[PDB]
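Pasting in a structure now, in structure tokens, and then I'll have a few things to ask.
Chain naming follows the written order as A, B, C, D, E, F, G and H, and within any one chain the residues start at number 1.
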């Protein structure tokens, strides 16, 4: 009648309250993110909020380069976020050394989601208060988005969004794929896919963005990279010409 | 450091093992899955409950192959199932195939899985697994078999059964329809009808996962040469193969 | 042993003899030196017989579990990395010499591994005591852009060089063909050029030739 | 309030306090008073010893660590035995490996770091003793104060123990005097006697009651007891 | 029922680690300290509460050095800050051992960061009771960091923590605006003395000592070095002339 | 010095029309000293017969071991071990001691109770499976046996016939070996019944 | 083996023969002894085939992990990793390695790591059994800040002498060019270099 | 730390009772009833499964009866999951014995060892006890036919007739009323059925709910034989006694 809420053991109802409270933690940063697939690319967009005038904007990031091909975006507090990243990087390097080929997106995801499950069963480990979104252009499955949570769950997406205002972005995208019929963004270049993602972020959230409000990651054939404030700026000049 | 070297499932005054009772509650909350055994095959089926209209249902397999002749399905917590499947595959090699050069019989791989779940009942600092499994398989000496494995670690052989949400109403539906002279095509027919009572939404090969343990599939082996190798008996049906039996249902 | 591996335009072929020895005496006149790792990755083994058979199985077992974990077809480079790291670990005390080849979603591959764990890559390779007899044939008849049938011929010819010319090689020729778009075909006893000639006499003894001291029935029941 | 946050040292109070550490501090306040004081030439320890009966012995408060360094204790005696021993090894190691007399400033950093590891890990209780460490290394005379929280402080003079606030105001008042006592050990010991009696209340300090230690330039660390301290009464 | 604040690794129903927030309180109770990043280096300073006339001047050092190019100062529980530097010192030496090159500041930050996050993961450990301000000069320019008990760390133009964190930040933000084109290494030292003196209003009952250090490509040759004698007296005299 | 050469002893297995035969000599010696004329080298676990030559302590151990392992197998599987499967359990068991092996030369013989197929197999000391359709040989006079079988053997022999052939193979091979002989025994195996005969040979 | 790496005005070039032997039998005549540990850091392998492969695989791993966290490693760092593996396991390895890499700040850099596990930074380095014969040639020919054409010639002439005299060296001459422009692979066949 | 969540499974009550042993024994009193009766010419084991379904498979099922050995067998009452862990050591133990002494393990030595494993979880390790009671039925050249019982406490005893599981008090009195020493096996077969038939909480006692075994030495083979009754055989014997 008390401690079934403090460690990772079942409640009378069959629930794990420490897992449920971990999901709640992922929204502490008040930052939304989304991910879409192009013809032969994948784009992650996350909000960049730097509320303190004493910070260095370039050090404030929730997007990580896990490997040469895989990138990861995190919804959650930064120390848990950086924890998860370090492991993902180590897990990636080790896979390549052991198996002789770069770790796929869906495989890395499964791994990190298997680890998350462990913290859900063993009592001395707490779950991490983070939702991890991995992206790549897999040499077998093409553009890929895979997302893991504190429950240990993971699934592949056509597109996804995460954060406090997730449902706004989600319904917006769902309506686009019912309209377009296909399950990706029909565009040749990644530049016009980054534009699409920012456009649908603005149209779903209802807020305009400057070069410092955004943080972008792009996955192409054999390369994941993050855009500078300047590349985003170039991308924001392009959206403000069609409208 | 791990200071949890003591049991987390203990006996309550009444004789109940609290954590197991609760784990079973989680299994009732999970999506319905079932299994039926014909004279010349076994069928396992479940419903793909989608987390978001944006998620791709193919990337999540609720039905899994353990050995070429053995398949598994579940009701309950997905992540716990996943890691169980990983361990179930490994144990089939380490404790059997690396010793005898052949795959474990259905009853013995079940037995190994049961044990893995039992230890989660007694070891220091762990909760039980929150899943019930259905294992369907074939071996040369036993024929076709279907087993149910509970969070406690217990296992029962079944002619037919279901687990999860509508398991009560589904078991009643199966009792009406099952006999000892069923062909495998019939068992699939019943399986689809039994699963229709559980599903409110779309009922097609896109939202329903189904696999069989039937004849040897020579064209699924990947190689020709060895006459004693005739291919796996586990076959997962495609979205299209399911719709073929739903058009006349 | 003699073992060879030849790349052609649309895949790779590997071949081996079937002689097994214990000193100067032939242990098995027809053993299989070709090993399935996965359905589309096969392996030729030379050296310590139990060493090749065991390292083949260990890795094959690991590769199967990997393929399930990842939901992907196994790659030849994976099997290559696992074998070499294992062999290296044992500093050559596991005396397995391997030609590993096959097809995967990244194309066709042909490699070789030594007991100490080093790996070579090539279009044509051979190992074993019959290595030199076979390699001489390969260096003489190999050309680029071989058809499947030309690759079989060459690999088969190379194994024959070992069978006739090397004492640590003989009996039959086992072949396996791995093609890009097809299911790999295993040709056990592809050639049988060493059929024993019919005996001159029969040595069936007239019943009662052997003197018997004691007779009984054995029991198996329970 | 306090009830729930004092079970172990692993737990923080809502205010940000570590109660187990703070109760360990209380064991020092119950301990017998001891005092330190230095000049540029010499560093001095004066300690009041506490007996159980008039049939028991007065338990010793001063320990040698090496030929240039030692300390006085207030609180749990076994914990002083553990901690003084450590510094004896750390002094020993510095000598054998580096042919070096381990400096008193690093003495404190080692005690600070050892004490801290007990305040963060489950199971381990804090230490229950305060230490007044006097030394003479390659940079003159030093005196240190040790609290089982970890806080080590280099001072000219200080006191710990029961009623030790009286002695601490005295040394605070007569700074300009005792710091200039260079070259005359006696008039520094006699300055430390007049310090400790500021913390007396009930008893008059006797010949088997008083314990004095001195280190310095031309003097090594030594212990004075019995009729050898009779002159300072 | 609750009791969510009794065990470290536990999450509250709102998704918080109450034990960490309780450690923050220990830091807030601690003595104030800052860091000023400049156009080629970093300047650290800190308050030293003089309790008695019996505390020896210049003797109770608080700013620590990791390696030769990094320096750290902290508010909160000192022994915890010492422990964090011992780990910092090992971590940097291990990096120099394998990679030859001295550890980059961003690399060193994550090292302390992953170590502090580790102590919010298990019930058998207590979270660190320190905020730490650290940084230095590496292969590409200067870096300044601030590390929280949660494991959070970011790069800062100016960092401040402890008792007088309010007064400091308010004064730090005027600097970032009045000097957008970078501040010099020399200027920052003087300006660090002022910030400490003005954040001493928060405790103006007890006298205090001033302790400053700097790491600067052109002034200290990229090595961490304390401020002594004539430069130190120069910085005091600037604070006195600004406070009046 | 050579552990395979201290105690002596030989074993031979041979297949025929719906039958297998396994045979051994009774000698246990230490170098020149003949010690026991009773030491049998064949064992069975259900219908699966195993023969072992080599260092006799290892023979004795590996027996006890495979009884231990087959007993546990039959209890879990609820069925007797089969020759094909047993062969595999012998290989993995030997290779487990790869770098500190048992100094033995195991031989497996029997009839698959399900398919009715005759089966024999041979092993080296580290578990390399040597599967043959005709005959398998083991022990200190394997050379003499290899020559005997390769000459005397013809396929599809009848139970009575096979007995004559295998016995004459073993006997003449044991008489050219100083460390084999002293008696002998021959198991004739059918799908239903098993017949065990002791042979009359030289005792020198 | 015969192997070398040479710094020049624009960057650095690595060169090797392609022969692996077991005694007097050539196991492989088309070996690539030039191995990538990072995008623009490569190495020259001599000694045990098994040992040098196993070492290089680990270095590539370490630098891959370094890149995830700290960015592009310096050539000096790549040397340190090799040094650590070779020195600390000196008793169990027969491996002599030349590390070469192009940094955009440091231009061209060559580090040599012989049997001991010691590290030496040089303008150019030669190693392998065949290198002994070309000590005189290289010392009298090498100049600092040569052109690409000039350096390719210098390596081509040197390794041809090594191959000419040393029975343990032969096959083709492989080179790898490391500059700001990227990575270039060069191959020279017997009929070309024997005639020099 | 973890101290808070420790049930302390191996402690005494103020009364001097082991909490967990008692609560586990309470668990067993709910499980299906098992009966063992030993006669002059053999031993009988029977059990009742809790209620189940028609769908349930009866041919492949053997859930409460187990073969430990060539000559030893067991009936289970409690968690099957727990029971199999112990049954597997019991099997290993017997084999170890056989490997050592070249003789089949005496029935008591086997029983004692399991009961010692059980006693373990009672005294150290802080783990829960096995929720299992065993009846043992075996033969050896020393005591002949033997019948033992062991419960979670690690205590074992020898019996002429015994029951574990549900309604043992009711079942013990009924045996205590109809058992005699000069009993034939087939007389003891009838008794076990009648006893279960009178304590059954279900409407009727059918074959699909029963498991049956005999460890009878053959009145012609002259050696010990084990027999686990297959559904059809139980179906036949149930009509004989008069239960249809």
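Please note the rule applied: a contact is a pair of C-beta atoms (placed from the backbone, for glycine too) under 8 Å apart; a residue touches a chain by one contact, two chains touch by 3 or more.
A quick map from chain label to UniProt name: A = Proteasome subunit alpha type-1; B = Proteasome subunit alpha type-2; C = Proteasome subunit beta type-2; D = Proteasome subunit alpha type-6; E = Probable proteasome subunit alpha type-7; F = Proteasome subunit beta type-3; G = Proteasome subunit beta type-1; H = Proteasome subunit alpha type-3.
J.: Can you name the chains that touch chain E as well as chain F?
T.: B, H
J.: What's the chain with its C-alpha centre farthest out from chain F?
T.: D
J.: Averaged over CA atoms, how far is the centre of chain C from the centre of chain D? Could you give it in whole Å?
T.: 79
J.: For chain G and chain H, let me know how many angstrom lie between their CA-based centres, rounded off.
T.: Centre separation, chain G to chain H: 74 Å.
J.: Roughly how far is chain B from chain H, centre to centre by C-alpha average, rounded to an integer in Å?
T.: 31
J.: Counting only Cα atoms for the centres, state how far chain C is from chain E in Å.
T.: Roughly 66 Å separates the two chain centres.
J.: Would you please write down the residue numbers of chain E that are in contact with two or more other chains?
T.: 3, 6-7, 106, 110, 122-124
J.: Counting only residues that touch at least 2 other chains, which ones in chain F make the list?
T.: In chain F, 91 touch at least two other chains.
J.: Mind pulling the residue numbers of chain D that touch at least two other chains?
T.: Only 10, 122 qualify.
J.: What is the complete set of touching chain pairs?
T.: Every pair of chains in contact is listed here: A-B, A-C, A-E, A-G, A-H, B-C, B-E, B-F, B-H, C-F, C-G, D-E, D-H, E-G, E-H, F-H.
J.: Across the complex, what residues on chain H touch chain D?
T.: It comes out as residues 1.
J.: Sort out for me which residues of chain B touch chain C in the complex.
T.: 61, 65, 86, 89-90, 93, 97-98, 219, 221-226
J.: What does chain B use to touch chain E in their complex?
T.: 1, 3
J.: Where on chain D does chain E make contact in their complex?
T.: Per the stated touch rule, the residues are 4-5, 9-18, 109, 112-113, 115-117, 119-122, 149-151, 153-158, 168, 171-172, 175.
J.: Spell out the part of chain B that touches chain H in their complex, as residue ranges.
T.: 3-17, 107, 111, 114-115, 117-118, 121-125, 142, 145-146, 152-161, 171, 174-175, 178
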